[PDB]
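First comes the structure, then the notes that go with it.
As a convention, Cβ positions derive from the backbone with ideal geometry for all residues, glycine included, and neighbour counts pool all protein chains shown. Since every read-out is calculated from the coordinates, none of them should be taken as a lab result.
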Amino acid sequence: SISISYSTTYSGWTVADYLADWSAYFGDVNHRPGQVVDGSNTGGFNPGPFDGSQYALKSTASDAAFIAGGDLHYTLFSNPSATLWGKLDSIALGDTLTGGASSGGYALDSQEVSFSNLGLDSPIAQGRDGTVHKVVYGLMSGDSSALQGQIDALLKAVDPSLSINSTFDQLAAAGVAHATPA
Ligand code: HEM
């Protein structure tokens, strides 16, 4: 089942409000044709260069950052082009990204919320329609809708009363979340 970690700061927030707000603040890095700039809005893989157990990206304007964890692959120019696919187990949100391939991984100096045991697996053949691609490219674009839809499905699978409209505290009471010190 999905497992959610949250700073006590967010105990009374709904997941949806937290995500809508975090993503709006992270803001669109404009990773689109004509605007991709290596080292500015590409993010990076560990160990990389285009595959690894983590993909991480910091905002081009705020300190906000996220880390996707699992077994991830980016096709670059190979068919189907510009596709992130593979197994996505976790998404961590916060600010102040640190690390990288030369450190052995990425971390957030301030990790606010993480969603683990996501169990998302997208085959390469689905290309940019795959869930993994939609979730992460949505985040890169300042749009947590795809992530929200996957979290909602995972929460309903535990119990239909649970959803992104539950508070983190409600989800902790339901057995799927736990707090970390603020
Ligand atoms: C090491 C990380 C990455 C590098 C170096 C990279 C590089 C590129 C390059 C060179 C382009 C062509 C457009 C341009 O140059 O302006 C591009 C486009 C694109 N990339 Fe990335 N990318 C990375 C990560 C990702 C990730 C993780 C995703 C999805 C989750 C993604 C999704 C896309 C999409 C959707 C396009 C536009 C495709 C289109 O509409 O033609 N990229 N990327």
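Side notes on the structure shown:
- Number of the exception - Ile91 against (1) more than 9 Å from the ligand (Cβ to nearest atom); (2) assigned to a strand (DSSP E or B); (3) touching a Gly at 6+ places or on another chain (Cβ under 7 Å): (3)
- Per the listing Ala101, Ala146, the residue uniquely surrounded by 14 or more Cβ atoms within 10 Å (Cβ to Cβ) and in contact with a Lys or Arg (Cβ under 6 Å, 6 or more places away or on another chain) is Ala146.
- Among the residues of the stretch 21-43, some residue qualifies, meaning at least one is of a type outside the set (S, T, N, Q), on the phi > 0 side of the Ramachandran plot and either in contact with a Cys (Cβ under 7 Å, 6 or more places away or on another chain) or more than 14 Å from the ligand (Cβ to nearest atom) (or both).
- The C-beta contact set for the stretch 14-27 (first residue within 15 Å of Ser114 (Cβ to Cβ), second residue among the acidic types (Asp, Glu) and surrounded by 14 or more Cβ atoms within 10 Å (Cβ to Cβ), distance under 6 angstrom, 6+ apart or interchain) is empty.
- Restricting the stretch 55-88 to residues that are aromatic (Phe, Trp, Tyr) and in a strand (DSSP E or B), the residue that is nearest to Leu19 (Cα to Cα): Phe66
- Of the helices (runs of 4 or more DSSP H) entirely within the stretch 100-182, those holding at least 1 residues that are within 14 Å of the ligand (Cβ to nearest atom) and under 18 Å from the mean Cα position of the chain (by Cα) occupy 131-140, 145-158.
- Which numbered condition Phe77 fails, given (1) touching a helix residue (DSSP H, G or I) at 6+ places or on another chain (Cβ under 9 Å); (2) within 14 Å of the ligand (Cβ to nearest atom); (3) without any contact (Cβ under 8 Å) to a residue 12 or more places away in the chain: (1)
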